[PDB]
Amino acid sequence: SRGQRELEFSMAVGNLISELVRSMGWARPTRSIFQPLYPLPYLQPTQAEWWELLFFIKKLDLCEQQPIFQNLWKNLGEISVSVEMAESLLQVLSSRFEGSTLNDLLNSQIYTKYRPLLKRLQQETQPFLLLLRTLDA
Amino acid sequence: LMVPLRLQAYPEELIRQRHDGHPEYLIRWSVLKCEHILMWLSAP
Amino acid sequence: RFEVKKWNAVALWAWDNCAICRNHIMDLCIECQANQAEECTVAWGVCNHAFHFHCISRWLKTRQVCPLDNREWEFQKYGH
Amino acid sequence: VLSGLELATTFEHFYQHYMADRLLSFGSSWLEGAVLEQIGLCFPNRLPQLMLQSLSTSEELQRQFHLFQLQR
Amino acid sequence: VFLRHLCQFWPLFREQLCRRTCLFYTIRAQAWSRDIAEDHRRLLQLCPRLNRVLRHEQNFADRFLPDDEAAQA
Ligand SMILES: [Zn+2]
Ligand SMILES: [Zn+2]
Ligand SMILES: [Zn+2]
């Protein structure tokens with residue numbers, strides 16, 4: 001669909017942006033922007049959160065997506081899901097990811113809203129970050 | 001016609017033809033100080 | 001029967017330290033209370049407010065209205 | 001000649017009490033402003049001038065109320 | 001996140017974006033003027049279009065530009 005095409009465009013653009021940012025390693029009170037009694041009509045007064053969820057979801061495996069896809073099918077242009085259900089699915093996936101994917105899936109502001117040594121390095125190469133700090137030092 | 005951006009922009013060409021469902025033309029615009037960039041314009 | 005052609009009604013706008021620097025009315029001046037060693041005498045004005053000569057000197061040097069009642073400040077020289 | 005003496009306060013107190021009724025019986029004519037532009041510096045606290053200015057401030061408020069109605 | 005990081009490299013991005021906004025909006029303004037000159041009875045409808053445009057810019061500023069001075073520019 002055209003909406004499905006829009007979602008696909010969002011998926012591609014997000015993948016690209018995350019890759020460029022992370023790979024390249026680079027990672028107020030309201031007031032009228034226009035000033036240098038009728039009130040200012042424009043001044044007076046989540047989908048992005050949802051899209052984030054859909055995205056981190058589709059980064060999981062297919063048959064592992066089928067349960068949440070069924071749940072939604074019983075619960076997709078508009079998914080007015082509950083905060084509890086989204087938080088539950090996110091917590092469940094919080095164990096199913098790995099490494100830098102885990103960090104990123106935990107590193108977003110949405111999180112604020114809501115062998116062995118190799119495993120430690122994959123979860124956190126911050127030991128290598130501190131090695132870099134020491135080498136500079 | 002070159003609306004002041006110091007700089008003023010003059011059209012170059014119609015380098016393609018493609019929401020509302022109607023003709024959308026990519027038009028280049030060469031800047032001149034007192035590099036050309038493309039914008040998607042409509043027929044009117 | 002009678003009819004009203006015009007009318008006029010009346011009403012009052014019914015609602016005390018040195019408000020401008022907020023120190024106690026009889027106390028000293030905060031500007032000079034930072035620089036301890038108290039030389040500001042109180043000043044009175046026609047509009048019947050009492051403020052510190054320091055406060056008022058500065059404020060007036062800035063602006064030329066009474067900060068409390070929106071009238072041109074006039075240093076009270078009666079009885080003097 | 002009364003200015004600067006003690007009698008000023010009592011004279012002003014008495015003057016206020018008639019200027020009140022005169023202003024409520026007739027709008028602030030030329031007469032009251034002219035008499036005041038003669039003998040103003042006699043009144044120590046400048047109460048009568050403030051009554052006169054009050055009538056003008058009230059006309060300004062009437063203008064603003066009209067505008068406010070329009071905005072609503 | 002990426003838009004903010006690009007906003008955190010400020011001069012070139014700011015300059016390019018400012019030029020693009022100028023061009024787009026002025027083309028749109030000439031279009032609206034040309035439409036308005038056709039019939040005098042359209043300014044009454046012209047007001048809400050300006051309202052919506054200002055709305056969109058204010059939303060963009062409130063969601064994607066941290067610092068003030070950039071927003072007022
Ligand atoms: Zn004071
Ligand atoms: Zn003092
Ligand atoms: Zn006062």
# chains A, B, ... in the order shown; residues from 1 in each chain; ligands from 1
call {"tool": "closest_atom_pairs", "arguments": {"of": "chain C", "to": "ligand 2", "cutoff": "6 Å", "atoms": "only C-alpha atoms and all ligand atoms", "output": "CSV"}}
result
residue,atom,partner,partner_atom_place_in_ligand_line,distance
C:28,CA,ligand 2,1 (Zn),5.9
C:29,CA,ligand 2,1 (Zn),3.3
C:31,CA,ligand 2,1 (Zn),5.8
C:32,CA,ligand 2,1 (Zn),4.8
C:38,CA,ligand 2,1 (Zn),5.8
C:39,CA,ligand 2,1 (Zn),5.9
C:40,CA,ligand 2,1 (Zn),4.2
C:54,CA,ligand 2,1 (Zn),4.8
call {"tool": "write_last_selection", "arguments": {"atoms": "N, CA and C atoms", "output": "PDB file, in the first residue's frame"}}
result
ATOM      1  N   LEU C  28      17.310  49.730  56.942  1.00  0.00           N
ATOM      2  CA  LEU C  28      18.292  50.383  56.097  1.00  0.00           C
ATOM      3  C   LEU C  28      18.185  49.896  54.653  1.00  0.00           C
ATOM      4  N   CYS C  29      19.093  50.393  53.822  1.00  0.00           N
ATOM      5  CA  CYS C  29      19.046  50.201  52.381  1.00  0.00           C
ATOM      6  C   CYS C  29      19.872  48.984  51.996  1.00  0.00           C
ATOM      7  N   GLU C  31      21.025  47.944  49.037  1.00  0.00           N
ATOM      8  CA  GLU C  31      22.150  48.283  48.172  1.00  0.00           C
ATOM      9  C   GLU C  31      23.376  48.637  48.998  1.00  0.00           C
ATOM     10  N   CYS C  32      23.204  49.510  49.984  1.00  0.00           N
ATOM     11  CA  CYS C  32      24.271  49.817  50.921  1.00  0.00           C
ATOM     12  C   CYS C  32      24.336  48.849  52.092  1.00  0.00           C
ATOM     13  N   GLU C  38      24.852  52.586  55.501  1.00  0.00           N
ATOM     14  CA  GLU C  38      23.665  53.048  56.212  1.00  0.00           C
ATOM     15  C   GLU C  38      23.597  54.571  56.229  1.00  0.00           C
ATOM     16  N   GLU C  39      23.421  55.169  55.048  1.00  0.00           N
ATOM     17  CA  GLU C  39      23.376  56.620  54.923  1.00  0.00           C
ATOM     18  C   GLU C  39      22.141  57.123  54.183  1.00  0.00           C
ATOM     19  N   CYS C  40      21.207  56.247  53.823  1.00  0.00           N
ATOM     20  CA  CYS C  40      20.030  56.658  53.068  1.00  0.00           C
ATOM     21  C   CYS C  40      18.944  57.129  54.024  1.00  0.00           C
ATOM     22  N   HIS C  54      18.326  56.403  48.444  1.00  0.00           N
ATOM     23  CA  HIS C  54      19.213  55.658  47.555  1.00  0.00           C
ATOM     24  C   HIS C  54      18.419  54.997  46.436  1.00  0.00           C
TER      25      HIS C  54
END
call {"tool": "residues_near_ligand", "arguments": {"ligand": "ligand 1", "cutoff": "12 Å", "atoms": "only C-alpha atoms and all ligand atoms", "output": "PyMOL selection string"}}
result
chain C and resi 16-33+38-43+49-59
call {"tool": "write_last_selection", "arguments": {"atoms": "N, CA and C atoms", "output": "compact mmCIF listing (two decimals), in the first residue's frame"}}
result
# COMPACT_ATOMS: atom_id res chain seq x y z
N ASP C 16 3.81 46.99 53.72
CA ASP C 16 4.06 48.36 53.28
C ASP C 16 5.47 48.78 53.67
N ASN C 17 6.45 47.97 53.30
CA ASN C 17 7.85 48.32 53.49
C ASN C 17 8.35 49.06 52.25
N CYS C 18 9.66 49.29 52.14
CA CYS C 18 10.21 50.03 51.01
C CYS C 18 10.16 49.10 49.80
N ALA C 19 8.98 49.04 49.19
CA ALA C 19 8.66 48.03 48.19
C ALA C 19 9.74 47.91 47.13
N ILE C 20 10.36 49.03 46.75
CA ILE C 20 11.30 49.00 45.63
C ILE C 20 12.52 48.14 45.96
N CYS C 21 13.06 48.25 47.18
CA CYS C 21 14.13 47.36 47.58
C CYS C 21 13.70 46.33 48.61
N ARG C 22 12.44 46.37 49.06
CA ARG C 22 11.81 45.36 49.88
C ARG C 22 12.38 45.24 51.29
N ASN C 23 13.33 46.08 51.69
CA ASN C 23 13.76 46.04 53.07
C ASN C 23 12.67 46.62 53.97
N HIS C 24 12.82 46.41 55.27
CA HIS C 24 11.81 46.89 56.21
C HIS C 24 11.69 48.40 56.12
N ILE C 25 10.47 48.90 56.34
CA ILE C 25 10.16 50.29 56.03
C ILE C 25 11.08 51.23 56.80
N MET C 26 11.32 50.94 58.08
CA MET C 26 12.20 51.75 58.89
C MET C 26 13.64 51.26 58.87
N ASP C 27 13.92 50.13 58.22
CA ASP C 27 15.25 49.56 58.22
C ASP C 27 16.13 50.28 57.20
N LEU C 28 17.31 49.73 56.94
CA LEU C 28 18.29 50.38 56.10
C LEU C 28 18.19 49.90 54.65
N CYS C 29 19.09 50.39 53.82
CA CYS C 29 19.05 50.20 52.38
C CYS C 29 19.87 48.98 52.00
N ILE C 30 19.28 48.08 51.21
CA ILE C 30 19.95 46.81 50.92
C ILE C 30 21.15 47.04 50.01
N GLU C 31 21.02 47.94 49.04
CA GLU C 31 22.15 48.28 48.17
C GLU C 31 23.38 48.64 49.00
N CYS C 32 23.20 49.51 49.98
CA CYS C 32 24.27 49.82 50.92
C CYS C 32 24.34 48.85 52.09
N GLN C 33 23.35 47.97 52.26
CA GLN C 33 23.48 46.94 53.28
C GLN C 33 24.48 45.88 52.85
N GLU C 38 24.85 52.59 55.50
CA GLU C 38 23.66 53.05 56.21
C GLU C 38 23.60 54.57 56.23
N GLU C 39 23.42 55.17 55.05
CA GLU C 39 23.38 56.62 54.92
C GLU C 39 22.14 57.12 54.18
N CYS C 40 21.21 56.25 53.82
CA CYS C 40 20.03 56.66 53.07
C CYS C 40 18.94 57.13 54.02
N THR C 41 18.60 58.41 53.94
CA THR C 41 17.41 58.89 54.62
C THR C 41 16.18 58.55 53.79
N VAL C 42 15.04 58.48 54.46
CA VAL C 42 13.81 58.21 53.73
C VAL C 42 13.37 59.47 52.99
N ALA C 43 12.71 59.27 51.86
CA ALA C 43 12.19 60.32 51.02
C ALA C 43 10.68 60.14 50.90
N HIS C 49 3.97 58.12 49.14
CA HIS C 49 4.73 56.92 49.44
C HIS C 49 6.09 57.30 50.02
N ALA C 50 6.65 56.40 50.82
CA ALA C 50 7.93 56.61 51.49
C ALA C 50 8.93 55.59 50.99
N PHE C 51 10.02 56.07 50.40
CA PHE C 51 11.04 55.19 49.84
C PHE C 51 12.43 55.67 50.25
N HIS C 52 13.45 54.84 50.04
CA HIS C 52 14.80 55.23 50.39
C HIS C 52 15.40 56.19 49.36
N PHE C 53 16.07 57.24 49.86
CA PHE C 53 16.74 58.19 48.97
C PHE C 53 17.70 57.50 48.01
N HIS C 54 18.33 56.40 48.44
CA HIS C 54 19.21 55.66 47.55
C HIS C 54 18.42 55.00 46.44
N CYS C 55 17.44 54.17 46.82
CA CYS C 55 16.53 53.53 45.89
C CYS C 55 16.03 54.54 44.86
N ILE C 56 15.44 55.62 45.37
CA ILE C 56 14.79 56.61 44.51
C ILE C 56 15.81 57.32 43.65
N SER C 57 16.95 57.70 44.21
CA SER C 57 17.97 58.35 43.40
C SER C 57 18.29 57.51 42.17
N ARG C 58 18.65 56.25 42.40
CA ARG C 58 18.95 55.37 41.27
C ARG C 58 17.77 55.27 40.32
N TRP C 59 16.63 54.77 40.82
CA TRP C 59 15.46 54.52 39.99
C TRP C 59 15.11 55.73 39.14
call {"tool": "residues_near_ligand", "arguments": {"ligand": "ligand 3", "cutoff": "9 Å", "atoms": "only C-alpha atoms and all ligand atoms", "output": "list in words"}}
result
residues 45, 46, 47, 48, 49, 50, 65, 66, 67, 68, 69, 70, 71, 72 and 73 of chain C
call {"tool": "write_last_selection", "arguments": {"atoms": "C-alpha atoms", "output": "mmCIF file, in the first residue's frame"}}
result
data_model
loop_
_atom_site.group_PDB
_atom_site.id
_atom_site.type_symbol
_atom_site.label_atom_id
_atom_site.label_comp_id
_atom_site.auth_asym_id
_atom_site.auth_seq_id
_atom_site.Cartn_x
_atom_site.Cartn_y
_atom_site.Cartn_z
ATOM 1 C CA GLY C 45 6.632 62.385 47.683
ATOM 2 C CA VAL C 46 3.353 64.090 46.884
ATOM 3 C CA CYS C 47 1.843 60.727 45.954
ATOM 4 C CA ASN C 48 2.200 59.724 49.592
ATOM 5 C CA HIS C 49 4.731 56.924 49.442
ATOM 6 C CA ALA C 50 7.927 56.610 51.489
ATOM 7 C CA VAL C 65 7.661 58.176 37.069
ATOM 8 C CA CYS C 66 6.624 57.003 40.515
ATOM 9 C CA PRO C 67 7.245 53.236 40.448
ATOM 10 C CA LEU C 68 4.142 52.651 42.595
ATOM 11 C CA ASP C 69 1.370 54.821 41.113
ATOM 12 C CA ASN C 70 2.428 55.810 37.556
ATOM 13 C CA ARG C 71 2.670 59.566 38.223
ATOM 14 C CA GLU C 72 5.579 61.942 37.705
ATOM 15 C CA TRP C 73 7.469 61.804 40.986
#
call {"tool": "residues_around", "arguments": {"residues": "range 24-35 of chain E", "least_positions_apart": "4", "cutoff": "8 Å", "atoms": "only C-alpha atoms", "output": "PyMOL selection string"}}
result
(chain B and resi 3+39+44) or (chain E and resi 20+39)
call {"tool": "interface_residues", "arguments": {"of": "chain E", "to": "chain A", "cutoff": "10 Å", "atoms": "only C-alpha atoms", "output": "PyMOL selection string"}}
result
chain E and resi 1-3+5-6+51-59+61-62+66-73
call {"tool": "interface_residues", "arguments": {"of": "chain A", "to": "chain B", "cutoff": "12 Å", "atoms": "only C-alpha atoms", "output": "JSON, numbers by chain"}}
result
{"A": [2, 3, 6]}
call {"tool": "closest_atom_pairs", "arguments": {"of": "chain B", "to": "chain E", "cutoff": "12 Å", "atoms": "only C-alpha atoms", "output": "tab-separated table"}}
result
residue	atom	partner	partner_atom	distance
B:1	CA	E:27	CA	11.0
B:2	CA	E:23	CA	9.7
B:3	CA	E:26	CA	7.4
B:4	CA	E:22	CA	8.6
B:5	CA	E:22	CA	6.0
B:6	CA	E:19	CA	10.9
B:7	CA	E:19	CA	9.1
B:8	CA	E:23	CA	9.5
B:9	CA	E:23	CA	8.3
B:10	CA	E:23	CA	10.8
B:11	CA	E:23	CA	11.5
B:28	CA	E:23	CA	11.8
B:29	CA	E:23	CA	9.5
B:30	CA	E:23	CA	11.7
B:31	CA	E:19	CA	9.9
B:35	CA	E:16	CA	11.1
B:36	CA	E:20	CA	11.2
B:37	CA	E:20	CA	8.6
B:38	CA	E:20	CA	9.4
B:39	CA	E:24	CA	8.0
B:40	CA	E:24	CA	9.3
B:41	CA	E:27	CA	8.9
B:42	CA	E:28	CA	10.2
B:43	CA	E:31	CA	10.4
B:44	CA	E:31	CA	7.2
call {"tool": "write_last_selection", "arguments": {"atoms": "N, CA, C and O atoms", "output": "mmCIF file, in the first residue's frame"}}
result
data_model
loop_
_atom_site.group_PDB
_atom_site.id
_atom_site.type_symbol
_atom_site.label_atom_id
_atom_site.label_comp_id
_atom_site.auth_asym_id
_atom_site.auth_seq_id
_atom_site.Cartn_x
_atom_site.Cartn_y
_atom_site.Cartn_z
ATOM 1 N N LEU B 1 14.322 36.498 -13.596
ATOM 2 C CA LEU B 1 13.765 36.522 -12.250
ATOM 3 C C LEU B 1 14.652 35.753 -11.279
ATOM 4 O O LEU B 1 14.850 34.549 -11.426
ATOM 5 N N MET B 2 15.189 36.461 -10.285
ATOM 6 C CA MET B 2 16.071 35.864 -9.281
ATOM 7 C C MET B 2 15.747 36.498 -7.931
ATOM 8 O O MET B 2 16.278 37.555 -7.587
ATOM 9 N N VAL B 3 14.887 35.841 -7.169
ATOM 10 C CA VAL B 3 14.484 36.388 -5.871
ATOM 11 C C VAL B 3 15.692 36.422 -4.944
ATOM 12 O O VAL B 3 16.414 35.416 -4.834
ATOM 13 N N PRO B 4 15.960 37.540 -4.276
ATOM 14 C CA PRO B 4 17.134 37.612 -3.393
ATOM 15 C C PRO B 4 17.043 36.583 -2.280
ATOM 16 O O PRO B 4 16.098 36.576 -1.492
ATOM 17 N N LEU B 5 18.036 35.706 -2.228
ATOM 18 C CA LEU B 5 18.108 34.693 -1.188
ATOM 19 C C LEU B 5 18.863 35.221 0.026
ATOM 20 O O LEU B 5 19.098 36.425 0.150
ATOM 21 N N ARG B 6 21.736 38.776 -0.515
ATOM 22 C CA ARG B 6 22.897 38.945 -1.381
ATOM 23 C C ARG B 6 22.794 38.067 -2.624
ATOM 24 O O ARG B 6 22.806 38.563 -3.749
ATOM 25 N N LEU B 7 22.688 36.761 -2.409
ATOM 26 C CA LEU B 7 22.650 35.816 -3.512
ATOM 27 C C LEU B 7 21.311 35.876 -4.235
ATOM 28 O O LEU B 7 20.283 36.239 -3.661
ATOM 29 N N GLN B 8 21.333 35.516 -5.516
ATOM 30 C CA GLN B 8 20.116 35.445 -6.311
ATOM 31 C C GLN B 8 20.168 34.206 -7.195
ATOM 32 O O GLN B 8 21.223 33.872 -7.737
ATOM 33 N N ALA B 9 19.031 33.533 -7.350
ATOM 34 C CA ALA B 9 18.984 32.225 -7.989
ATOM 35 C C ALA B 9 18.278 32.291 -9.338
ATOM 36 O O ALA B 9 17.216 32.902 -9.463
ATOM 37 N N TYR B 10 18.867 31.637 -10.338
ATOM 38 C CA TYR B 10 18.309 31.570 -11.674
ATOM 39 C C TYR B 10 18.059 30.124 -12.083
ATOM 40 O O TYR B 10 18.882 29.249 -11.801
ATOM 41 N N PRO B 11 16.957 29.848 -12.769
ATOM 42 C CA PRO B 11 16.639 28.464 -13.138
ATOM 43 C C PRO B 11 17.596 27.908 -14.184
ATOM 44 O O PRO B 11 18.197 28.640 -14.972
ATOM 45 N N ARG B 28 16.553 22.666 -11.468
ATOM 46 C CA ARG B 28 17.787 23.148 -10.879
ATOM 47 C C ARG B 28 17.724 24.657 -10.696
ATOM 48 O O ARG B 28 16.909 25.350 -11.310
ATOM 49 N N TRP B 29 18.592 25.164 -9.826
ATOM 50 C CA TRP B 29 18.646 26.593 -9.541
ATOM 51 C C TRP B 29 20.098 26.963 -9.279
ATOM 52 O O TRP B 29 20.670 26.536 -8.273
ATOM 53 N N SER B 30 20.687 27.739 -10.182
ATOM 54 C CA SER B 30 22.057 28.203 -10.039
ATOM 55 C C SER B 30 22.088 29.492 -9.231
ATOM 56 O O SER B 30 21.402 30.461 -9.567
ATOM 57 N N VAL B 31 22.869 29.494 -8.176
ATOM 58 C CA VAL B 31 23.012 30.667 -7.327
ATOM 59 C C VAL B 31 24.071 31.572 -7.934
ATOM 60 O O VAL B 31 25.013 31.114 -8.590
ATOM 61 N N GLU B 35 27.366 26.648 -7.461
ATOM 62 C CA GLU B 35 26.628 25.482 -6.991
ATOM 63 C C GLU B 35 25.129 25.684 -7.161
ATOM 64 O O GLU B 35 24.555 26.619 -6.619
ATOM 65 N N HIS B 36 24.496 24.798 -7.915
ATOM 66 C CA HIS B 36 23.064 24.857 -8.147
ATOM 67 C C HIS B 36 22.386 23.730 -7.385
ATOM 68 O O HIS B 36 22.955 22.650 -7.202
ATOM 69 N N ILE B 37 21.167 23.995 -6.924
ATOM 70 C CA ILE B 37 20.436 23.061 -6.082
ATOM 71 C C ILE B 37 19.070 22.821 -6.702
ATOM 72 O O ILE B 37 18.526 23.681 -7.397
ATOM 73 N N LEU B 38 18.525 21.637 -6.479
ATOM 74 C CA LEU B 38 17.294 21.227 -7.135
ATOM 75 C C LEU B 38 16.116 21.387 -6.190
ATOM 76 O O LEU B 38 16.229 21.130 -4.988
ATOM 77 N N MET B 39 14.992 21.829 -6.738
ATOM 78 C CA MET B 39 13.754 21.938 -5.988
ATOM 79 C C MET B 39 12.620 21.334 -6.801
ATOM 80 O O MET B 39 12.623 21.382 -8.032
ATOM 81 N N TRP B 40 11.653 20.756 -6.099
ATOM 82 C CA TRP B 40 10.519 20.097 -6.731
ATOM 83 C C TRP B 40 9.372 21.091 -6.823
ATOM 84 O O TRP B 40 8.741 21.413 -5.813
ATOM 85 N N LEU B 41 9.095 21.576 -8.028
ATOM 86 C CA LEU B 41 8.058 22.570 -8.246
ATOM 87 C C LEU B 41 6.844 21.939 -8.915
ATOM 88 O O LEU B 41 6.893 20.820 -9.440
ATOM 89 N N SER B 42 5.740 22.679 -8.875
ATOM 90 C CA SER B 42 4.478 22.281 -9.479
ATOM 91 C C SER B 42 4.181 23.143 -10.697
ATOM 92 O O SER B 42 4.859 24.135 -10.971
ATOM 93 N N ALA B 43 3.137 22.752 -11.430
ATOM 94 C CA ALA B 43 2.844 23.431 -12.690
ATOM 95 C C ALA B 43 2.406 24.874 -12.477
ATOM 96 O O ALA B 43 3.020 25.776 -13.074
ATOM 97 N N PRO B 44 1.386 25.179 -11.670
ATOM 98 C CA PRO B 44 1.109 26.596 -11.398
ATOM 99 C C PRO B 44 2.263 27.276 -10.697
ATOM 100 O O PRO B 44 2.475 28.480 -10.880
#
call {"tool": "atom_distance", "arguments": {"atom1": "CA of residue 59 in chain A", "atom2": "CA of residue 92 in chain A"}}
result
14.1 Å
call {"tool": "residues_around", "arguments": {"residues": "residue 70 in chain D", "least_positions_apart": "4", "cutoff": "10 Å", "atoms": "only C-alpha atoms", "output": "short mmCIF file (atom, residue, chain, number, x, y, z; two decimals) with N, CA and C atoms, in the first residue's frame"}}
result
data_model
loop_
_atom_site.label_atom_id
_atom_site.label_comp_id
_atom_site.auth_asym_id
_atom_site.auth_seq_id
_atom_site.Cartn_x
_atom_site.Cartn_y
_atom_site.Cartn_z
N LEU A 37 -6.59 42.05 23.22
CA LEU A 37 -5.46 41.50 22.49
C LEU A 37 -5.83 40.13 21.94
N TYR A 38 -5.84 40.01 20.62
CA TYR A 38 -6.11 38.72 20.00
C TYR A 38 -4.92 37.80 20.21
N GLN D 64 -11.01 51.08 25.97
CA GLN D 64 -10.44 49.74 26.02
C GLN D 64 -11.52 48.67 26.17
N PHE D 65 -12.55 48.95 26.98
CA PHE D 65 -13.63 47.98 27.14
C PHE D 65 -14.33 47.70 25.82
N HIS D 66 -14.53 48.74 25.01
CA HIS D 66 -15.13 48.52 23.69
C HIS D 66 -14.28 47.56 22.86
#
call {"tool": "atom_distance", "arguments": {"atom1": "CA of residue 16 in chain D", "atom2": "CA of residue 79 in chain C"}}
result
20.7 Å
call {"tool": "select_by_dssp", "arguments": {"residues": "chain C", "states": "helix (DSSP H, G or I)", "output": "list in words"}}
result
residues 30, 31, 32, 33, 34, 53, 54, 55, 56, 57, 58, 59, 60, 61 and 62 of chain C
call {"tool": "write_last_selection", "arguments": {"atoms": "C-alpha atoms", "output": "PDB file, in the first residue's frame"}}
result
ATOM      1  CA  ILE C  30      19.951  46.814  50.921  1.00  0.00           C
ATOM      2  CA  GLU C  31      22.150  48.283  48.172  1.00  0.00           C
ATOM      3  CA  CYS C  32      24.271  49.817  50.921  1.00  0.00           C
ATOM      4  CA  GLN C  33      23.484  46.936  53.276  1.00  0.00           C
ATOM      5  CA  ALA C  34      25.811  44.892  51.089  1.00  0.00           C
ATOM      6  CA  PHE C  53      16.737  58.187  48.971  1.00  0.00           C
ATOM      7  CA  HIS C  54      19.213  55.658  47.555  1.00  0.00           C
ATOM      8  CA  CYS C  55      16.528  53.533  45.887  1.00  0.00           C
ATOM      9  CA  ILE C  56      14.793  56.605  44.515  1.00  0.00           C
ATOM     10  CA  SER C  57      17.970  58.353  43.398  1.00  0.00           C
ATOM     11  CA  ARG C  58      18.953  55.367  41.274  1.00  0.00           C
ATOM     12  CA  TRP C  59      15.462  54.522  39.993  1.00  0.00           C
ATOM     13  CA  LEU C  60      14.739  58.134  39.038  1.00  0.00           C
ATOM     14  CA  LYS C  61      18.100  58.415  37.304  1.00  0.00           C
ATOM     15  CA  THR C  62      16.742  55.515  35.264  1.00  0.00           C
TER      16      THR C  62
END
call {"tool": "interface_residues", "arguments": {"of": "chain D", "to": "chain A", "cutoff": "10 Å", "atoms": "only C-alpha atoms", "output": "PyMOL selection string"}}
result
chain D and resi 67-68+70-72
call {"tool": "write_last_selection", "arguments": {"atoms": "N, CA and C atoms", "output": "mmCIF file, in the first residue's frame"}}
result
data_model
loop_
_atom_site.group_PDB
_atom_site.id
_atom_site.type_symbol
_atom_site.label_atom_id
_atom_site.label_comp_id
_atom_site.auth_asym_id
_atom_site.auth_seq_id
_atom_site.Cartn_x
_atom_site.Cartn_y
_atom_site.Cartn_z
ATOM 1 N N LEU D 67 -12.978 47.815 22.798
ATOM 2 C CA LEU D 67 -12.110 46.919 22.034
ATOM 3 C C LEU D 67 -12.180 45.486 22.556
ATOM 4 N N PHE D 68 -12.144 45.324 23.876
ATOM 5 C CA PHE D 68 -12.165 43.993 24.474
ATOM 6 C C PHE D 68 -13.422 43.227 24.082
ATOM 7 N N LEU D 70 -15.000 43.606 21.306
ATOM 8 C CA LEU D 70 -14.818 43.178 19.919
ATOM 9 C C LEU D 70 -13.965 41.920 19.828
ATOM 10 N N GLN D 71 -12.889 41.853 20.607
ATOM 11 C CA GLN D 71 -12.030 40.673 20.552
ATOM 12 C C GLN D 71 -12.779 39.420 20.986
ATOM 13 N N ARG D 72 -13.565 39.524 22.059
ATOM 14 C CA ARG D 72 -14.363 38.379 22.490
ATOM 15 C C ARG D 72 -15.287 37.900 21.376
#
call {"tool": "interface_residues", "arguments": {"of": "chain D", "to": "chain C", "cutoff": "12 Å", "atoms": "only C-alpha atoms", "output": "ChimeraX atom specification"}}
result
/D:3-9,24-27,41-47,49-50,53-55,58
call {"tool": "select_by_dssp", "arguments": {"residues": "range 7-63 of chain C", "states": "strand (DSSP E or B)", "output": "list in words"}}
result
residues 18, 23, 42, 43, 44, 45, 50, 51 and 52 of chain C
call {"tool": "write_last_selection", "arguments": {"atoms": "C-alpha atoms", "output": "mmCIF file, in the first residue's frame"}}
result
data_model
loop_
_atom_site.group_PDB
_atom_site.id
_atom_site.type_symbol
_atom_site.label_atom_id
_atom_site.label_comp_id
_atom_site.auth_asym_id
_atom_site.auth_seq_id
_atom_site.Cartn_x
_atom_site.Cartn_y
_atom_site.Cartn_z
ATOM 1 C CA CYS C 18 10.209 50.026 51.006
ATOM 2 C CA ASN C 23 13.764 46.041 53.071
ATOM 3 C CA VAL C 42 13.805 58.211 53.730
ATOM 4 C CA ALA C 43 12.185 60.317 51.016
ATOM 5 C CA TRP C 44 8.548 61.348 50.769
ATOM 6 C CA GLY C 45 6.632 62.385 47.683
ATOM 7 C CA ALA C 50 7.927 56.610 51.489
ATOM 8 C CA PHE C 51 11.042 55.194 49.840
ATOM 9 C CA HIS C 52 14.802 55.232 50.389
#
call {"tool": "atom_distance", "arguments": {"atom1": "CA of residue 23 in chain B", "atom2": "CA of residue 41 in chain E"}}
result
28.2 Å
call {"tool": "residues_around", "arguments": {"residues": "residue 77 in chain A", "least_positions_apart": "3", "cutoff": "12 Å", "atoms": "only C-alpha atoms", "output": "MDAnalysis selection string"}}
result
chainID A and resid 1:7 47 50:51 54 72 80
call {"tool": "write_last_selection", "arguments": {"atoms": "C-alpha atoms", "output": "CSV table (one decimal), in the first residue's frame"}}
result
chain,number,residue,atom,x,y,z
A,1,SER,CA,0.0,0.0,0.0
A,2,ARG,CA,1.0,3.7,-0.2
A,3,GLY,CA,0.9,3.7,3.6
A,4,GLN,CA,2.8,0.4,3.5
A,5,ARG,CA,5.2,2.1,1.1
A,6,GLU,CA,5.5,5.0,3.6
A,7,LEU,CA,6.3,2.6,6.4
A,47,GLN,CA,3.0,8.0,16.5
A,50,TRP,CA,4.8,3.6,17.9
A,51,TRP,CA,7.0,3.7,14.8
A,54,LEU,CA,7.4,-1.3,15.1
A,72,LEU,CA,-1.5,-6.9,17.7
A,80,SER,CA,-3.7,2.7,19.6
